[PDB]
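Chemist: Just dropping this structure here.
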Amino acid sequence: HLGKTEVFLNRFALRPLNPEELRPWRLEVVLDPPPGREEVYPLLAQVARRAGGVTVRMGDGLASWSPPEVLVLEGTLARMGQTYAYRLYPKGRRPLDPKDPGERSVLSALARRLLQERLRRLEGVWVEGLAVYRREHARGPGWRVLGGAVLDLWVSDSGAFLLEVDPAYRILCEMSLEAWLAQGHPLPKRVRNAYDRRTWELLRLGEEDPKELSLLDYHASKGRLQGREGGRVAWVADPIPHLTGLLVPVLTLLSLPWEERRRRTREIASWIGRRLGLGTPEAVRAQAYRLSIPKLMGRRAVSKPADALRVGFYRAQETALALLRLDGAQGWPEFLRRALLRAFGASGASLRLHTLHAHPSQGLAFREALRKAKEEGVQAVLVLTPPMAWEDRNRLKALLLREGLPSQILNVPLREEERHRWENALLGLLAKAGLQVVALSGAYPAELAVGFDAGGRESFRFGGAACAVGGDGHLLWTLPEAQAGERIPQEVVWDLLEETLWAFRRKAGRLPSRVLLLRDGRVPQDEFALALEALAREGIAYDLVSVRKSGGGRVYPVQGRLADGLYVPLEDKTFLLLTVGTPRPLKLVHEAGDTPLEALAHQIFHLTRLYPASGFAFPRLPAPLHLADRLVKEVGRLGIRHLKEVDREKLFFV
DNA sequence: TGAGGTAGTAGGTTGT
RNA sequence: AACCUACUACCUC
Ligand SMILES: [Mg+2]
Ligand SMILES: [Mg+2]
């Protein structure tokens, strides 16, 4: 179903590696005394750096392209606790191969260090590792903004360097937190320090003198207040006092037009190829297949979900809606009422607008009003209220949920002419009611696509999932599960997966024959182990896809305009998805399953249009994943405890 | 809290 | 190192 273009992405192919580069030098170290059970990630990776040149680790040890006699062999360094002192013994040199994948990998980590530690010693340059800043874009009175690009280096599998370039900006202050704060700037965003690498937030400055452990008496007695003296008190978190004498502050606040972005990518590329003796940049061109427009369906074919409000829903049902007005007045604003009635006029079944005549200030009594409403058929409520505060906003959302009443907030100074804004709140509201706004008129390989994301919170996270009961279907979610970190427990994945499988059984009378499994970001090794054995055993087929928002790189046209819904395959098992300042395609990886890439690229992009509450825009990632991101965020944000009596056909979190 | 997004500054989980 | 987030600001319908 595709028509080819040819784009080239922001990579460049530079000179092939030469003999000496195809056979690095190995060296064994001395740990005196030996490290610890975790103290090897900065302590093996602090000696591989202390050596100099292009020294970069080789698993349990180090490697170089530099002769070991120009290595610094005998030195002394430490992480806090054990003060080590390294010494380097050799092991000779052994060849490596590009065609072979196993060697191509270590060479890159050398090539990265080559890049990195050949960038340190350049001239009119500012280097933050892989990042290079080449020009001045703005110089302010103690407010410098250097701006070049971020880089990377690796090998091609034919033995030739590759160089990814992408234009960045950096911001660096010159003054103290007083030599600057007494020049105009208000209270700081974050007080970064030079005494350590440590920082803190910024509350409000203490009115009193730190002269009364000891607040001020310890500084000028710790030899910490010599070179620059403390000025006034500081107040932040992990109340605590700090003498604001020495602290090269970290400051926060234009985005470059797409054309200039490619121009600078190519220019900076040349520069780094020629200055670093790596040759002429021959920008890598990949071919990119144009993907087929999906046919999203309300009552009838429509281009953006918000058109369902004028045309009719894909599956409506006998429904009722409540209204909470927290501002002054009382009425459903006619146009919102007229707006709804016409969308249900367009659709098949009937509507009822109710009105909550209760304020939460009534306390417990206000719940009674809710008890009555739900009872009398109310499904979700639209709330009109002046911009609320996060803490109040959450307490209320969760109150209604505790009565099984999803809430859509519309911020109050509203005018008819404010049209898109209220139009989205309405879709949001119906999504929260249970309505199947739009769906996909299509022939797809996976009849069910589930999204997995994780975590909304602090110390612990929630692993959760959302469904689309596919080839248009119902969107529904599942009760999440509290977990330690980002990795969703192996059994929890399967448990969630099954609950999503069973959902399909209830709507189709049949288990699926193919499911689509989508993770947010990288899949931790083996976190889909179970589900996949589990599926295979039940003889239901599948594909697993890592879906990365970051890392897609850039994609540029050779000439013309890159068009919406473009698909570029890269390496085996991996492809980009430009769904159109400068766009950022999704990096996607087929981790498991036997479906051809184009076909997945197809669903994914098509699954993109499904999301019911975007109205006019389309989210960058597939409706299940987005839902998963949204659900999981919201649960973490206001607790799992409120969800019990909330029907999971109702997307309360949009 | 209308929603989508890119661009700076942070940090953290995975996992070497 | 590869990916998530959180703030900020700006754009778009
Ligand atoms: Mg919403
Ligand atoms: Mg995530």
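Under the UniProt record's numbering, the letters of the first sequence match residues 3 to 214, 221 to 246, 253 to 267, 279 to 497, 499 to 606, 612 to 685, in that order. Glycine residues also receive a C-beta, built at the ideal position from the N, C-alpha and C atoms.
Heavy atom of ligand 2 less than 8 Å from the Cβ of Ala491, yes or no?
Modeler: Result no, Cβ not under 8 Å from ligand 2.
Chemist: Roughly how far, in whole angstroms, is the beta-carbon of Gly579 from the beta-carbon of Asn12, given that I think they are within contact range, below 8 Å?
Modeler: Contact holds; Cβ gap of about 6 Å.
Chemist: I'd like to know whether the C-beta atoms of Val549 and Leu619 end up nearer to each other than 9 Å.
Modeler: Cβ distance not < 9 Å, so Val549 and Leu619 don't count as in contact.
Chemist: Taking 8 Å as the cut-off, does the CB of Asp590 come closer than this to any heavy atom belonging to ligand 2?
Modeler: The answer is no for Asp590.
Chemist: Can you tell which of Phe530, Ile671, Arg540 has its C-alpha closest to the C-alpha of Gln634?
Modeler: Checking every option, the nearest Cα to that of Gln634 belongs to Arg540.
Chemist: So, under 8 Å CB-CB, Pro358 and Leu439 are touching, yes? Tell me the CB distance rounded to an integer number of Å.
Modeler: Rounded, the Cβ-Cβ distance is 7 Å, consistent with contact.
Chemist: Pick out whichever of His139, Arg141, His637, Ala151 has its Cα sitting closest to the Cα of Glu130.
Modeler: Nearest of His139, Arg141, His637, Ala151 to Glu130, Cα basis: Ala151.
Chemist: With a 10 Å radius around its C-beta and 16 neighbouring C-beta atoms as the bar for buried, classify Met82 as buried or exposed.
Modeler: The residue in question, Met82, is exposed, as its Cβ has fewer than 16 Cβ neighbours within 10 Å.
Chemist: Between the C-alpha atoms of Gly38 and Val475, what's the straight-line distance to the nearest angstrom?
Modeler: So the two alpha carbons sit approximately 41 Å from each other.
Chemist: Taking only heavy atoms of ligand 2 into account, decide whether any of them is closer than 8 Å to the Cβ of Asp625.
Modeler: No, the Cβ of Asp625 stays beyond 8 Å of every heavy atom of ligand 2.
Chemist: Looking at the unbroken alpha helix (DSSP H) that takes in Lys533, where does it start and where does it end?
Modeler: Looking at the DSSP string, the run of the alpha helix (DSSP H) that includes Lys533 is 516-534.
Chemist: What is the DSSP secondary structure of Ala313, counted as helix, strand or coil?
Modeler: Note: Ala313 maps to strand in three-state DSSP.
Chemist: Got a sec? Which residues, its chain only, sit under 7 Å from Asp660 by beta carbon, not counting five neighbours each side?
Modeler: So the qualifying residues of the chain are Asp478, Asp546.
Chemist: Just list the residues that DSSP pairs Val152 with in beta bridges.
Modeler: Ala133, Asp168.
Chemist: How big is the Cα-Cα spacing for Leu261 and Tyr197?
Modeler: Approximately 7 Å between the Cα atoms of the pair.
Chemist: Just jot down, in chain order, the residues whose CB lies closer than 7 Å to any heavy atom of ligand 1.
Modeler: Those residues, listed in chain order, are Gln433, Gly453, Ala644, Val685.
Chemist: Please tell me whether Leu641 and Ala405 are closer than 9 Å, where the distance is taken between their beta carbons.
Modeler: Not closer than 9 Å, so no.
Chemist: Within this structure, are the beta carbons of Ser466 and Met322 separated by less than 9 Å?
Modeler: It is a contact, given that the beta carbons lie within the stated cut-off.
Chemist: Name, in chain order, the residues that DSSP records as bridge partners for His621.
Modeler: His621 pairs with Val571.
Chemist: What residues come near ligand 2, if near means a beta carbon less than 5 Å from any of its heavy atoms?
Modeler: In chain order, the qualifying residues are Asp478, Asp546.
Chemist: I need the straight-line Cα distance from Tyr582 to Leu596, nearest angstrom please.
Modeler: Cα-Cα distance, rounded: 15 Å.
Chemist: Determine the direct distance from the alpha carbon of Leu205 to that of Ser178, and round the result to whole angstroms.
Modeler: Between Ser178 and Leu205, the C-alpha separation is close to 18 Å.
Chemist: Which residue's Cα is closest to the Cα of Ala468: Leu628, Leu16, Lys320, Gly142?
Modeler: When only C-alpha atoms are compared, the closest one is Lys320.
Chemist: Looking only at its chain, what residues have a beta carbon closer than 6 Å to the beta carbon of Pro412, apart from the 5 residues adjacent to it on each side?
Modeler: Within the same chain, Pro412 has close Cβ partners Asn436.
Chemist: Using a Cβ distance threshold of 8 Å, determine whether the stretch 9-23 contacts the stretch 153-170, with at least three qualifying pairs required.
Modeler: Short answer: they touch.
Chemist: Starting from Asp546, follow the alpha helix (DSSP H) in both directions and report where the run begins and ends.
Modeler: Run containing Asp546: none in the alpha helix (DSSP H); it sits in the beta strand (DSSP E), 540-546.
Chemist: What's the C-alpha gap between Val56 and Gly239?
Modeler: Cα to Cα, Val56 sits roughly 44 Å from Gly239.
Chemist: Between the C-alpha atoms of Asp34 and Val42, what's the straight-line distance to the nearest angstrom?
Modeler: Computed Cα separation, rounded: 13 Å.
Chemist: Apart from the five residues on each side of it in sequence, which residues of its chain come closer than 8 Å, Cβ to Cβ, to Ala311?
Modeler: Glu8, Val9, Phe10, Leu11, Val594, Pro595, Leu596.
Chemist: Starting from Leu11 and walking both ways along the beta strand (DSSP E), at which residues does that stretch end?
Modeler: Looking at the DSSP string, the run of the beta strand (DSSP E) that includes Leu11 is 5-18.
Chemist: With a 10 Å radius around its C-beta and 16 neighbouring C-beta atoms as the bar for buried, classify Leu257 as buried or exposed.
Modeler: Buried is the call here.
Chemist: Leaving out the 5 sequence neighbours to the left and right, which residues in its chain are closer than 6 Å to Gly208 when beta-carbon positions are compared?
Modeler: Answer for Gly208: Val241, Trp243, listed in chain order.
Chemist: Give the DSSP-derived three-state secondary structure of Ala471 in the structure shown.
Modeler: In this structure, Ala471 counts as coil in the three-state DSSP scheme.
Chemist: In terms of residues, what are the limits of the alpha helix (DSSP H) holding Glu564?
Modeler: Residues 555-564.
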